[PDB]
$ cat input.txt   # compact mmCIF, C-alpha atoms
# COMPACT_ATOMS: atom_id res chain seq x y z
CA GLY F 344 18.53 2.89 -9.65
CA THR F 345 15.69 0.38 -9.82
CA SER F 346 17.64 -2.81 -9.00
CA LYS F 347 16.89 -2.52 -5.28
CA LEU F 348 13.22 -1.70 -5.83
CA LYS F 349 12.72 -4.48 -8.38
CA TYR F 350 14.27 -6.91 -5.89
CA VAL F 351 11.77 -5.82 -3.22
CA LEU F 352 8.86 -6.22 -5.68
CA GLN F 353 9.80 -9.63 -7.12
CA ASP F 354 6.93 -12.07 -6.49
CA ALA F 355 5.10 -9.32 -4.57
CA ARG F 356 1.35 -9.08 -4.05
CA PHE F 357 -0.23 -5.64 -4.39
CA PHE F 358 -3.28 -4.14 -2.72
CA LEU F 359 -4.93 -0.79 -3.41
CA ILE F 360 -5.68 1.14 -0.21
CA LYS F 361 -8.35 3.85 -0.28
CA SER F 362 -8.52 6.18 2.72
CA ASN F 363 -11.34 8.62 3.20
CA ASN F 364 -9.11 11.33 4.71
CA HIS F 365 -5.59 12.66 4.31
CA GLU F 366 -5.03 12.74 8.08
CA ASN F 367 -4.86 8.98 8.51
CA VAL F 368 -2.38 8.71 5.63
CA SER F 369 -0.23 11.42 7.23
CA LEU F 370 -0.33 9.52 10.52
CA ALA F 371 0.52 6.24 8.76
CA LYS F 372 3.45 7.78 6.87
CA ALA F 373 5.08 9.14 10.02
CA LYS F 374 4.47 6.10 12.23
CA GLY F 375 4.59 3.20 9.75
CA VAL F 376 1.29 1.56 10.67
CA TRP F 377 -1.98 0.88 8.92
CA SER F 378 -5.38 -0.50 9.89
CA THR F 379 -8.25 -1.55 7.63
CA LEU F 380 -11.70 -3.10 7.74
CA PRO F 381 -12.03 -6.76 8.78
CA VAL F 382 -12.63 -8.12 5.26
CA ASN F 383 -9.39 -6.57 4.02
CA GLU F 384 -7.58 -7.34 7.28
CA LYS F 385 -8.16 -11.06 6.77
CA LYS F 386 -7.03 -10.73 3.14
CA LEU F 387 -3.80 -8.91 4.05
CA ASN F 388 -2.97 -11.40 6.82
CA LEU F 389 -3.43 -14.32 4.40
CA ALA F 390 -1.32 -12.54 1.81
CA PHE F 391 1.40 -11.72 4.35
CA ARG F 392 1.88 -15.37 5.34
CA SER F 393 1.91 -16.52 1.69
CA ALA F 394 3.74 -13.82 -0.29
CA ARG F 395 7.38 -12.73 -0.29
CA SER F 396 6.25 -9.08 -0.04
CA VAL F 397 2.84 -7.45 0.32
CA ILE F 398 2.67 -3.91 -1.06
CA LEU F 399 -0.05 -1.44 -0.09
CA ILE F 400 -0.53 1.37 -2.64
CA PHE F 401 -2.30 4.33 -1.02
CA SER F 402 -4.82 6.73 -2.54
CA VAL F 403 -7.00 9.23 -0.68
CA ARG F 404 -10.61 9.34 -1.86
CA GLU F 405 -11.24 12.24 -4.27
CA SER F 406 -7.55 13.29 -4.30
CA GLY F 407 -6.91 12.25 -7.92
CA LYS F 408 -3.58 10.82 -6.74
CA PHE F 409 -1.71 8.02 -5.06
CA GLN F 410 0.14 9.22 -1.98
CA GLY F 411 2.77 6.50 -1.85
CA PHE F 412 3.27 2.80 -1.21
CA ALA F 413 4.48 0.60 1.61
CA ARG F 414 5.33 -3.01 2.40
CA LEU F 415 3.81 -5.06 5.23
CA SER F 416 6.37 -6.00 7.86
CA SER F 417 3.89 -7.84 10.13
CA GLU F 418 0.41 -9.29 10.10
CA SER F 419 -2.24 -7.31 11.94
CA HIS F 420 -1.92 -7.09 15.73
CA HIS F 421 -4.42 -6.22 18.43
CA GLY F 422 -3.64 -5.02 21.93
CA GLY F 423 -0.76 -2.69 21.13
CA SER F 424 -0.53 1.03 21.66
CA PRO F 425 -3.79 2.54 20.33
CA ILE F 426 -3.32 4.43 17.08
CA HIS F 427 -5.25 7.70 17.24
CA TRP F 428 -6.87 7.38 13.82
CA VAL F 429 -9.22 10.10 12.64
CA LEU F 430 -12.29 7.85 12.42
CA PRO F 431 -14.73 8.41 9.53
CA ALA F 432 -18.42 9.04 10.23
CA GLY F 433 -19.58 5.45 10.57
CA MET F 434 -16.48 3.75 11.96
CA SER F 435 -15.26 2.88 15.45
CA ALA F 436 -11.86 2.15 16.99
CA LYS F 437 -12.74 -1.55 17.20
CA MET F 438 -13.21 -1.74 13.42
CA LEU F 439 -9.67 -0.42 12.80
CA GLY F 440 -8.37 -2.55 15.68
CA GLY F 441 -5.85 -4.69 13.81
CA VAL F 442 -2.60 -2.77 13.32
CA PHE F 443 -0.19 -3.73 10.55
CA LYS F 444 3.37 -2.52 10.74
CA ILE F 445 4.42 -1.16 7.33
CA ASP F 446 7.71 0.09 5.89
CA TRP F 447 7.11 2.93 3.43
CA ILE F 448 8.93 2.55 0.11
CA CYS F 449 7.76 5.85 -1.34
CA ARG F 450 5.87 8.66 0.40
CA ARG F 451 5.70 10.98 -2.64
CA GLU F 452 2.60 11.51 -4.77
CA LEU F 453 1.79 10.04 -8.17
CA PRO F 454 -1.15 11.68 -9.99
CA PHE F 455 -3.63 9.41 -11.72
CA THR F 456 -2.64 11.26 -14.91
CA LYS F 457 0.70 9.42 -14.90
CA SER F 458 -0.80 5.92 -14.46
CA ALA F 459 -3.48 6.27 -17.15
CA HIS F 460 -1.79 3.66 -19.38
CA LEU F 461 -1.94 0.85 -16.80
CA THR F 462 -4.91 -1.47 -16.43
CA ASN F 463 -5.44 -4.13 -13.79
CA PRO F 464 -6.32 -7.55 -15.27
CA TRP F 465 -7.85 -8.59 -11.93
CA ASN F 466 -10.31 -5.68 -11.99
CA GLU F 467 -11.76 -6.29 -15.47
CA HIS F 468 -8.79 -4.50 -17.08
CA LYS F 469 -9.99 -1.11 -15.77
CA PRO F 470 -7.31 1.58 -15.20
CA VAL F 471 -5.38 0.74 -12.07
CA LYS F 472 -6.63 3.89 -10.31
CA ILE F 473 -10.14 2.39 -10.34
CA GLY F 474 -10.81 0.15 -7.39
CA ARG F 475 -12.26 -0.30 -3.93
CA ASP F 476 -10.28 -0.40 -0.73
CA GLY F 477 -8.35 -3.68 -0.73
CA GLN F 478 -8.60 -4.28 -4.51
CA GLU F 479 -5.78 -6.67 -5.35
CA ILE F 480 -3.57 -5.63 -8.26
CA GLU F 481 -2.09 -8.21 -10.63
CA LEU F 482 1.69 -8.64 -10.36
CA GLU F 483 2.89 -6.94 -13.52
CA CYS F 484 0.47 -4.06 -13.26
CA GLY F 485 1.39 -3.36 -9.63
CA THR F 486 5.12 -3.59 -10.33
CA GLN F 487 4.84 -1.09 -13.18
CA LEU F 488 2.64 1.16 -11.03
CA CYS F 489 5.22 1.17 -8.24
CA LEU F 490 7.99 1.96 -10.75
CA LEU F 491 6.13 5.12 -11.84
CA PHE F 492 6.59 6.73 -8.40
CA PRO F 493 9.45 9.26 -8.16
CA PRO F 494 12.42 8.39 -5.93
CA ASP F 495 11.89 9.24 -2.28
CA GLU F 496 15.09 10.63 -0.74
CA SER F 497 13.61 10.32 2.76
CA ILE F 498 13.47 6.53 2.45
CA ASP F 499 16.27 3.99 2.89
CA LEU F 500 15.40 0.62 1.29
CA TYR F 501 18.08 -1.13 3.37
CA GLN F 502 15.76 -1.85 6.31
CA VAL F 503 13.31 -3.60 3.98
CA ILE F 504 16.00 -5.45 2.02
CA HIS F 505 17.57 -6.61 5.29
CA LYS F 506 14.40 -8.23 6.71
CA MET F 507 13.59 -10.13 3.49
$ encode --input "input.txt" --output "structure tokens"
Amino acid sequence: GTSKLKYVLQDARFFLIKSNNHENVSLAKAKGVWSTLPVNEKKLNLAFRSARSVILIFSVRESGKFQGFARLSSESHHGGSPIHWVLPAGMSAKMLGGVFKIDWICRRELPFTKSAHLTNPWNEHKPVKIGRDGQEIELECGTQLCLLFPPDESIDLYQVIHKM
């Protein structure tokens, strides 16, 4: 049912995440962590302190799909165990230094073909699949986008609902 999921998403903020490789999304799905560039890191930290939930919606560049979505459980943190990200060509470990803990809500794919009817009012009403890394998604558009994902039987919402 969607009651639990709609409760998680009430008054949520939503951010598109674009990763240049599948391998970092695989790592993030197993371990429940994410790191991003400093501009977006500052944005997500601000959003985490202000919003009831902050949802990251993941899409790998050129995949034609979203790979899932997750909810911040902490602000970024430096000085923890070093995540062994596969670093893109022009990026260093210090640039992905801040580590957010995330709880995945869905780790299944959603093709762009199934979200073609949704447009993001905060990105000039372009289809929600269009956007740069960190593009914030307006509340109703991001809620509907999250509801399009199929149910993930590997996920238990209880842990998220409990720490809210």
$ closest_residue --input "input.txt" --among "F:362, F:396, F:378, F:353" --to "residue 437 in chain F" --atoms "only C-alpha atoms"
F:378
$ closest_atom_pairs --input "input.txt" --of "range 434-456 of chain F" --to "range 465-477 of chain F" --cutoff "12 Å" --atoms "all atoms listed in the file" --output "tab-separated table"
residue	atom	partner	partner_atom	distance
F:453	CA	F:472	CA	10.6
F:454	CA	F:472	CA	9.5
F:455	CA	F:472	CA	6.4
F:456	CA	F:472	CA	9.6
$ residues_around --input "input.txt" --residues "range 382-388 of chain F" --least-positions-apart "5" --cutoff "9 Å" --atoms "only C-alpha atoms" --output "ChimeraX atom specification"
/F:358,393,397,415,417-419,441,443,476-478
$ axis_aligned_box --input "input.txt" --around "range 459-472 of chain F" --padding-each-side "5 Å" --output "JSON"
{"center_x": -6.8, "center_y": -1.2, "center_z": -14.8, "size_x": 20.0, "size_y": 24.9, "size_z": 19.1}
$ closest_residue --input "input.txt" --among "F:374, F:404, F:421, F:361" --to "residue 438 in chain F" --atoms "only C-alpha atoms"
F:421
$ residues_around --input "input.txt" --residues "residue 439 in chain F" --least-positions-apart "2" --cutoff "9 Å" --atoms "all atoms listed in the file" --output "ChimeraX atom specification"
/F:377-381,428,430,434-437,441-442
$ residues_around --input "input.txt" --residues "residue 450 in chain F" --least-positions-apart "6" --cutoff "7 Å" --atoms "only C-alpha atoms" --output "PDB file with C-alpha atoms, in the frame of the given file"
ATOM      1  CA  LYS F 372       3.450   7.780   6.870  1.00  0.00           C
ATOM      2  CA  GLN F 410       0.140   9.220  -1.980  1.00  0.00           C
ATOM      3  CA  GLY F 411       2.770   6.500  -1.850  1.00  0.00           C
ATOM      4  CA  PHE F 412       3.270   2.800  -1.210  1.00  0.00           C
ATOM      5  CA  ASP F 495      11.890   9.240  -2.280  1.00  0.00           C
TER       6      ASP F 495
END
$ atom_distance --input "input.txt" --atom1 "CA of residue 458 in chain F" --atom2 "CA of residue 494 in chain F"
15.9 Å
$ atom_distance --input "input.txt" --atom1 "CA of residue 389 in chain F" --atom2 "CA of residue 503 in chain F"
19.9 Å
$ atom_distance --input "input.txt" --atom1 "CA of residue 375 in chain F" --atom2 "CA of residue 481 in chain F"
24.3 Å
$ closest_residue --input "input.txt" --among "F:449, F:426, F:351, F:459" --to "residue 498 in chain F" --atoms "all atoms listed in the file"
F:449
$ residues_around --input "input.txt" --residues "residue 357 in chain F" --least-positions-apart "6" --cutoff "8 Å" --atoms "only C-alpha atoms" --output "list in words"
residues 397, 398, 399, 400, 479, 480, 481, 482 and 485 of chain F
$ write_last_selection --input "input.txt" --atoms "C-alpha atoms" --output "PDB file, in the frame of the given file"
ATOM      1  CA  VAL F 397       2.840  -7.450   0.320  1.00  0.00           C
ATOM      2  CA  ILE F 398       2.670  -3.910  -1.060  1.00  0.00           C
ATOM      3  CA  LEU F 399      -0.050  -1.440  -0.090  1.00  0.00           C
ATOM      4  CA  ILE F 400      -0.530   1.370  -2.640  1.00  0.00           C
ATOM      5  CA  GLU F 479      -5.780  -6.670  -5.350  1.00  0.00           C
ATOM      6  CA  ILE F 480      -3.570  -5.630  -8.260  1.00  0.00           C
ATOM      7  CA  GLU F 481      -2.090  -8.210 -10.630  1.00  0.00           C
ATOM      8  CA  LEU F 482       1.690  -8.640 -10.360  1.00  0.00           C
ATOM      9  CA  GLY F 485       1.390  -3.360  -9.630  1.00  0.00           C
TER      10      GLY F 485
END
$ closest_residue --input "input.txt" --among "F:422, F:370, F:413, F:463" --to "residue 348 in chain F" --atoms "all atoms listed in the file"
F:413
$ closest_residue --input "input.txt" --among "F:433, F:493, F:423, F:407" --to "residue 345 in chain F" --atoms "only C-alpha atoms"
F:493
$ closest_residue --input "input.txt" --among "F:352, F:368, F:499, F:432" --to "residue 395 in chain F" --atoms "all atoms listed in the file"
F:352
$ decode --input "input.txt" --residues "range 381-435 of chain F" --atoms "C-alpha atoms" --output "PDB file, in the first residue's frame"
ATOM      1  CA  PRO F 381      30.499  20.706  -2.720  1.00  0.00           C
ATOM      2  CA  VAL F 382      27.777  22.901  -4.270  1.00  0.00           C
ATOM      3  CA  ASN F 383      25.208  20.121  -3.883  1.00  0.00           C
ATOM      4  CA  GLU F 384      26.652  19.033  -0.531  1.00  0.00           C
ATOM      5  CA  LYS F 385      25.910  22.453   0.941  1.00  0.00           C
ATOM      6  CA  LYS F 386      22.419  22.343  -0.581  1.00  0.00           C
ATOM      7  CA  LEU F 387      21.622  18.901   0.842  1.00  0.00           C
ATOM      8  CA  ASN F 388      22.926  19.837   4.301  1.00  0.00           C
ATOM      9  CA  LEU F 389      20.731  22.961   4.336  1.00  0.00           C
ATOM     10  CA  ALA F 390      17.765  20.919   3.154  1.00  0.00           C
ATOM     11  CA  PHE F 391      18.395  18.201   5.752  1.00  0.00           C
ATOM     12  CA  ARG F 392      18.255  20.653   8.666  1.00  0.00           C
ATOM     13  CA  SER F 393      15.116  22.354   7.309  1.00  0.00           C
ATOM     14  CA  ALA F 394      12.966  19.601   5.768  1.00  0.00           C
ATOM     15  CA  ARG F 395      11.078  16.703   7.351  1.00  0.00           C
ATOM     16  CA  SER F 396      12.579  14.344   4.739  1.00  0.00           C
ATOM     17  CA  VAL F 397      15.108  14.851   1.951  1.00  0.00           C
ATOM     18  CA  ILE F 398      14.725  12.397  -0.931  1.00  0.00           C
ATOM     19  CA  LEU F 399      17.494  11.714  -3.439  1.00  0.00           C
ATOM     20  CA  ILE F 400      16.233  10.277  -6.747  1.00  0.00           C
ATOM     21  CA  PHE F 401      19.068   8.530  -8.599  1.00  0.00           C
ATOM     22  CA  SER F 402      19.714   8.325 -12.330  1.00  0.00           C
ATOM     23  CA  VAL F 403      22.897   7.124 -14.034  1.00  0.00           C
ATOM     24  CA  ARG F 404      24.037   9.294 -16.945  1.00  0.00           C
ATOM     25  CA  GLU F 405      22.979   7.831 -20.313  1.00  0.00           C
ATOM     26  CA  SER F 406      21.039   4.952 -18.691  1.00  0.00           C
ATOM     27  CA  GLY F 407      17.584   6.219 -19.737  1.00  0.00           C
ATOM     28  CA  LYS F 408      16.375   5.256 -16.251  1.00  0.00           C
ATOM     29  CA  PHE F 409      16.154   6.109 -12.599  1.00  0.00           C
ATOM     30  CA  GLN F 410      17.777   3.447 -10.435  1.00  0.00           C
ATOM     31  CA  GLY F 411      15.890   4.153  -7.224  1.00  0.00           C
ATOM     32  CA  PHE F 412      15.459   6.707  -4.471  1.00  0.00           C
ATOM     33  CA  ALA F 413      16.637   7.193  -0.911  1.00  0.00           C
ATOM     34  CA  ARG F 414      16.135   9.455   2.096  1.00  0.00           C
ATOM     35  CA  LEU F 415      18.905  11.332   3.917  1.00  0.00           C
ATOM     36  CA  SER F 416      19.388  10.095   7.473  1.00  0.00           C
ATOM     37  CA  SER F 417      22.288  12.456   8.278  1.00  0.00           C
ATOM     38  CA  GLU F 418      23.998  15.557   6.979  1.00  0.00           C
ATOM     39  CA  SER F 419      27.341  15.034   5.284  1.00  0.00           C
ATOM     40  CA  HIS F 420      30.225  13.862   7.466  1.00  0.00           C
ATOM     41  CA  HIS F 421      33.983  13.960   6.966  1.00  0.00           C
ATOM     42  CA  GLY F 422      36.555  11.805   8.709  1.00  0.00           C
ATOM     43  CA  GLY F 423      34.679   8.508   8.687  1.00  0.00           C
ATOM     44  CA  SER F 424      35.637   5.277   7.004  1.00  0.00           C
ATOM     45  CA  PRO F 425      36.699   6.165   3.428  1.00  0.00           C
ATOM     46  CA  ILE F 426      34.166   5.088   0.830  1.00  0.00           C
ATOM     47  CA  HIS F 427      35.980   3.501  -2.109  1.00  0.00           C
ATOM     48  CA  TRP F 428      34.113   5.394  -4.815  1.00  0.00           C
ATOM     49  CA  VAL F 429      34.990   4.764  -8.440  1.00  0.00           C
ATOM     50  CA  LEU F 430      36.166   8.322  -9.140  1.00  0.00           C
ATOM     51  CA  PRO F 431      35.349   9.856 -12.552  1.00  0.00           C
ATOM     52  CA  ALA F 432      38.132  11.246 -14.744  1.00  0.00           C
ATOM     53  CA  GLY F 433      38.425  14.698 -13.220  1.00  0.00           C
ATOM     54  CA  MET F 434      37.464  14.048  -9.604  1.00  0.00           C
ATOM     55  CA  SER F 435      39.405  13.310  -6.419  1.00  0.00           C
TER      56      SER F 435
END
